[PDB]
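> 3D model of this:
(chains A and B)
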Protein chains: 2
Amino acid sequence: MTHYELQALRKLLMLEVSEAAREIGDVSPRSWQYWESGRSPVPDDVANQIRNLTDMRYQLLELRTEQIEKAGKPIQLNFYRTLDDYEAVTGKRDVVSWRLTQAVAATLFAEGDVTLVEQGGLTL
Amino acid sequence: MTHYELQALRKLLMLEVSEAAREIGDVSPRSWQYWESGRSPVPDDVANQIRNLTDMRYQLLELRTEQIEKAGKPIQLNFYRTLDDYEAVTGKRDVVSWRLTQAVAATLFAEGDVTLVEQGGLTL
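Numbering: from 1, shown residues only, chains lettered A, B, ... in the order given. Please find the structure below.
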């Protein structure tokens, strides 16, 4: 996977460089920056994890689309401003899953399929 | 517009807070942070600008999708790592439009509709 493929997906998932560097790579931000600028090759394990996260974004989008089908109206999704807000609902400080919820909800909200709330959002 | 609606769209556009603060609000990064945390209300002009940038995102997605239809195969899109790369192609150092090209290209790449290149991509 190239440096700009890696960056495009990392940004699309709403990961910060420091979060991706720590949770996906087991490396410093400077190393992840090198992977994103082409200064060092992207390790294949990292490319695989990034593609699997991209697949999960797609799957979550599909599940929310099925929920929208059942509801007959746009559903509500929680947009968690902070990891604490996410933790309040899930009990876990899972950075990558938190950013994933942000990416899914933001995409659906922009495309008109969903409304956003801080607390009433639909589960699963 | 609520504070988390503003943040979700700002992030989906791939804008940094300092970029949104300078180019969209005419305000400091701290003031934009306040709009995104709920400490100050989102000005209606800013909300309008954000909604229009979101419309442009959707519109660029539609045009690229039409280009893919006409091509009969995946097309190549430039993913500009830096504002310099963007300017080299467009002749303009338009931060907001640059981030928009990144967001469009990243979504289409994730869905498999497009390949990414650093140079030579199909222009629109």
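> spatially central residue for chain A, please.
Centroid-nearest residue in chain A: residue A:100, 2.3 Å away (criterion: C-alpha atoms, centre = their mean).
> any figure for the gap between that one and chain B?
Separation of residue A:100 from chain B (C-beta to the nearest C-beta, to the nearest Å): 12 Å. All C-beta spots, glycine's among them, are computed from the backbone N, C-alpha and C.
> and what of residue A:69?
20 Å.
> residues contacting the residue nearest to the centre of chain A?
For residue A:100, the contacting residues are A:13, A:14, A:53, A:56, A:57, A:60, by C-beta atoms under 8 Å, 6 or more residues apart in numbering or on different chains.
> surely residue A:27 and residue A:21 touch.
Yes - assessed by C-beta atoms under 8 Å, residue A:27 is found in contact with residue A:21 at 5.5 Å.
> near chain B, which residues of chain A are found?
A:2-5, A:7-9, A:11-12, A:14, A:36-37, A:54, A:57-58, A:79, A:81, A:102-103, A:105-107, A:109-111, A:116, A:118 (C-beta under 8 Å from any C-beta of the partner chain).
> which members of those residues are classed as buried?
A:2-5, A:7-9, A:11-12, A:14, A:36, A:54, A:57, A:79, A:81, A:102-103, A:105-107, A:109-110, A:116 (16 or more other C-beta atoms under 10 Å in any protein chain shown).
> restricted to helices, list the residues you listed.
Counting by DSSP state H, these place A:3-5, A:7-9, A:11-12, A:36, A:54, A:57, A:102-103, A:105-107, A:109-110 in helices.
> any idea how far apart the tips of stretch A:18-35 sit?
13 Å (C-alpha to C-alpha, to the nearest Å).
> mind putting the contacts of residue A:100 into TSV with distance to residue B:91?
Below are these laid out as TSV (distance: C-beta to C-beta, whole Å):
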residue	distance to residue B:91
A:13	31
A:14	30
A:53	35
A:56	39
A:57	34
A:60	39
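> so which of those is the closest to residue B:44?
Closest to residue B:44 out of those is residue A:14 (25.9 Å), distances taken as C-beta to C-beta.
> my guess is the closest one meets residue A:102, correct?
Yes - taking contacts as C-beta under 8 Å, residue A:14 lies within contact range of residue A:102: 4.7 Å.
> got any residues that touch both of these two?
residue B:11.
> related to what we said a few turns ago, which of residue A:27 and residue A:21 has more neighbours?
Taking other C-beta atoms under 10 Å in any protein chain shown, residue A:27 and residue A:21 do not tie; residue A:21 has more neighbours (22 against 17).
> contacts only, for the nearest residue to residue A:112 once chain neighbours are set aside.
Nearest in space to residue A:112, with sequence neighbours left out and distances taken as C-beta to C-beta, 6 or more residues apart in numbering or on different chains, is residue A:74 at 7.5 Å. Residues near residue A:74 by C-beta under 8 Å, 6+ apart: A:68, A:112, A:113, A:114, A:115.
> secondary structure class for residue A:69?
State at residue A:69, reduced to three classes by DSSP: H, G, I helix; E, B strand; the rest coil: helix.
> now for it, how many residues are close by?
Neighbours of residue A:69 (other C-beta under 10 Å): 9.
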